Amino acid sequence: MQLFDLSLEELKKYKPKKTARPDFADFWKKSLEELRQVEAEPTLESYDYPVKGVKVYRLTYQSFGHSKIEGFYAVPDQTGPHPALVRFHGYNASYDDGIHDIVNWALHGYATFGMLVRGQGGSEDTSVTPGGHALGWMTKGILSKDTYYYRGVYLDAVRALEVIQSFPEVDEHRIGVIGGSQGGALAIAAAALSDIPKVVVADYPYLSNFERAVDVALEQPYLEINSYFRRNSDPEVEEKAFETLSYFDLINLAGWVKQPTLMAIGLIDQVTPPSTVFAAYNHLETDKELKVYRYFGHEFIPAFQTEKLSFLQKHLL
């Protein structure tokens, strides 16, 4: 791939007007209240894995809609308390629950939980499908903020932080949230909705500036939205869909983030176009940094791995 979006000079200035509706704050207050209604009831079960110096567990907990959320939790095999991370996986990109990555993060010294995103990686989704949607999860329940797929998952992410904070081996003051793409969005959304994380690291975050994303993305999954409008052509439906999407859009949630945050984008990224990620970054008002990589797209960026290891070490270890 080659550069296709706004020039770097324009990207640095790109700050689209917020799409937040008047009841944006209220919706999240109400949603968090519904979460609080559900007792977490976490369970831990040891899980054999071929590694020395780390103990691995299957963690489950109850979340929004009485959904049982799961993932692996790996802890350094030494006396705590430990700094912690909740790691969020990419869209349709969880293979064997990310167990190898989670263990590696524990080997770096972090008690780390890889939350499996409901329906994708390995957690329950109790929310009904209200009607038609395009292939995938992006448009499931899109005709109402109350039914939208990411409502439950954002709340699950907040609950993950509430659960790991409650563990005696975890230092509640040294928790980080990390992820790439979908995972980056969940990291930012969790930090926006919760006091618990000290620090955020987000590789090319998804779920940002939807109204531009649909016009600029050249690959899935933003284009599921386009697919949805093709199948449901009522102009009223498009209006409603963008209305519901605004409640989950990082350009609206970013302003609530108070934590130091580190982000990355590759300038040839066709999945999360640079403009969408700069849009999120430019709405942050916090200790922030955006690493820009000219020659990379939506993929592992080796140089950024070192940046993120240094950043987490600085703030948590």
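We number the residues from 1 along the sequence you see.
- Legend: mean Cα B-factor per stretch from the PDB entry, 45-53 versus 288-296; the higher mean is in 45-53.
- When the C-alpha B-factors of 244-252 and 35-43 are averaged, 35-43 comes out higher.
- Highest CA B-factor among 224, 211, 77, 156, as stated in the entry: 77.
- Out of 98, 235, 136, 205, it is 235 whose C-alpha atom has the highest B-factor in the PDB entry.
- Among the modelled residues of the chain, residue 94 sits in the middle third by CA temperature factor in this PDB entry.
- Remark: residue 259 belongs to the highest third of its chain, ranked by C-alpha B-factor as recorded.
- The entry lists a Cα temperature factor for residue 193 that places it in the middle third of the chain's modelled residues.
- When the CA B factors of the chain's modelled residues are split into thirds, the value for residue 132 lands in the middle one.
- Sort the chain's modelled residues by C-alpha temperature factor and residue 168 lands in the highest third, per the entry.
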